[PDB]
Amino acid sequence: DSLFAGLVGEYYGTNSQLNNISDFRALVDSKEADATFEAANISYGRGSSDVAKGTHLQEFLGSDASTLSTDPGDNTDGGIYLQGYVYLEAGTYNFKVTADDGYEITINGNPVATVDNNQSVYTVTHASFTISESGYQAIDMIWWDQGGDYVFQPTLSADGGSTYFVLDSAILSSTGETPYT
């Protein structure tokens, strides 16, 4: 599998409505990804006029779009599924996520940030969680756009919410091996 400083990204589009996490996960299950990419700087958007139309996905992904495997065709609705590893020291953390529409982030298989509905842009400060052992932790994310505006910026705090960082190539690994890229 390729080793890079990022998460493995998949994009899926649909012409059905995405109302909630279940709907997007079912879309992921239903087919092969419409495009793959390397998610090395997970701060996407904001934009307008549907993520799944035209070149809006490219604009949304920005700095990560040069790794797209293809340019998807138009759809009404769409979203991303990211998976891989993140280096975190043992301790307490919490996410603070800005998004339109919803999303779910899991670490070591456990949900740590959830918005199970559509929404115009909103920032949630999520509850803390603990990491028991320093190292590369498993992480995955889903996010979608039902239409209209779109943005997705998870940030993470290690210091009780005083400072937050974007998850990017400093700490992400596609396989859990140390990237030297």
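So that there is no doubt, residue numbering starts at 1 and follows the sequence shown.
Undergrad: As stated in the PDB record, which stretch has the larger average Cα B-factor, 106-114 or 93-101?
TA: It is 106-114 that shows the higher mean C-alpha B-factor.
Undergrad: Higher mean Cα B-factor in the deposited model: 129-137 or 44-52?
TA: Looking at the record's C-alpha B-factors, the answer is 129-137.
Undergrad: Between 59, 38, 29, 145, which carries the biggest CA temperature factor in the record?
TA: The listed residue with the largest C-alpha B-factor is 29.
Undergrad: From 33, 156, 68, 151, pick the one with the largest CA B-factor in the entry?
TA: The listed residue with the largest C-alpha B-factor is 33.
Undergrad: Compared with the other modelled residues in the chain, in which third is the CA B-factor of residue 166?
TA: As the PDB entry reports it, the C-alpha B-factor of residue 166 lands in the lowest third of its chain.
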